[PDB]
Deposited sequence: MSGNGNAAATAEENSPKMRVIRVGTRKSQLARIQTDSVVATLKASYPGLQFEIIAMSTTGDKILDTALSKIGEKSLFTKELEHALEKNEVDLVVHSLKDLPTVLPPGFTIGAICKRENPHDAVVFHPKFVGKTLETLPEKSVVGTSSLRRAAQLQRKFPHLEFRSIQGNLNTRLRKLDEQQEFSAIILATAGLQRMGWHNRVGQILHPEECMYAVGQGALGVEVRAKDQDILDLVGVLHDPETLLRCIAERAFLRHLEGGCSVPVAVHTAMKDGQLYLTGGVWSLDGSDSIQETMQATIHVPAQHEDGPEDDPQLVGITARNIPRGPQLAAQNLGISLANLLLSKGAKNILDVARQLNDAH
């Protein structure tokens, strides 16, 4: 029963999947693997029993996975922050010291809404194409003075050098599960679920449960004006959540916390699409409540309206 690992053809995808397989081979020295190169296709490959596990970016996974599927692992989180990559002429500058009316590229409502609010005198225009395509556009064509990208993506590509500015939460908060990898497996597949569990990082898991619960209870998806920020320090788990109108004019930003001691290891159902029976459920549950609490606190202040309008 050799471990078949489904992956997209794109360079970044294949890199991410490799780092996972690499970590599985560290815990299971001899264990044999096999890599097999609009992500529903891979999901269909899980159903056809062609593939055994697929590696996703957490933020690209629905808060509710299709019946039969589950997230078997939340890997250690990389850098969650958003980053700015400047045009060569503006190298050395910050969004804060850019010429007024400078066009910054981004096809992210979350990023756009937040940055129009903190940088009113900068124009935020959408930009399309993979991470490389956008870099061709930023450099060659004369339109964008800068672009916005996830720090974690540049780091995996080895484009760390191109990072011009690491955006703080007080300027732009990250998408839920940004910078963290999720391993998607069949829920009725206890064997794979057992192996893959080594990949669970406790802190990251609790944090991404808070973030996904929160997003889930706002009935939000991948492309909605919703950002978060989580941190664990001395027993406490901190959650900060916010919503914005497409233009970031009206906003709601709140923070709640839960006393959740960060766990050691070990039939209950998954949480926000995540199976993790190998780590204590008390904290997982407790982190979910955090999401729910904050989500309700934002709804109590008309978050739903802001979101319904945001939907074009």
In sequence order, the deposited-sequence ranges that have no modelled C-alpha atom
1 to 18, 56 to 76, 303, 307 to 310, 357 to 361
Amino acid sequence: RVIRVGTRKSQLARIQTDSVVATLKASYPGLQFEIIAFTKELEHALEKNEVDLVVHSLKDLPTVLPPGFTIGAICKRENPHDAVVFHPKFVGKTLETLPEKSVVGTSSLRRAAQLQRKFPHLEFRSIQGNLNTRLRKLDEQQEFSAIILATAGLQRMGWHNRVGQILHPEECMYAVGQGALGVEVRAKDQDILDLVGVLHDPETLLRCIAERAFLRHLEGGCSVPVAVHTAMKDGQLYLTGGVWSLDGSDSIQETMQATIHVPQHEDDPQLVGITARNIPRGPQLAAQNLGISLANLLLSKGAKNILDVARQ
From here on, numbers count along this sequence of modelled residues.
Higher average CA B factor in the deposited record is what I'm after, so tell me if that's 102 to 110 or 200 to 208.
102 to 110
Give the stretch, out of 41 to 49 and 272 to 280, with the larger mean C-alpha temperature factor in the deposited entry.
41 to 49
Using the entry's values, work out which of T63, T70, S27, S249 has the largest Cα B factor.
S249
Between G153, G242, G177, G129, let me know which has the highest C-alpha B-factor in the entry?
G129
Ordered by C-alpha B-factor within the chain, which third holds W159? Give me lowest, middle or highest, please.
lowest
Would the CA B-factor of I74 place it in the lowest, middle or highest third of its chain?
lowest
Within this chain, which third does the Cα B-factor at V84 fall in: lowest, middle or highest?
lowest
Please rank the C-alpha B-factors of the chain's modelled residues and tell me whether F144 sits in the lowest, middle or highest third.
highest
Third of the chain, ranked by Cα B-factor, where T97 sits
middle
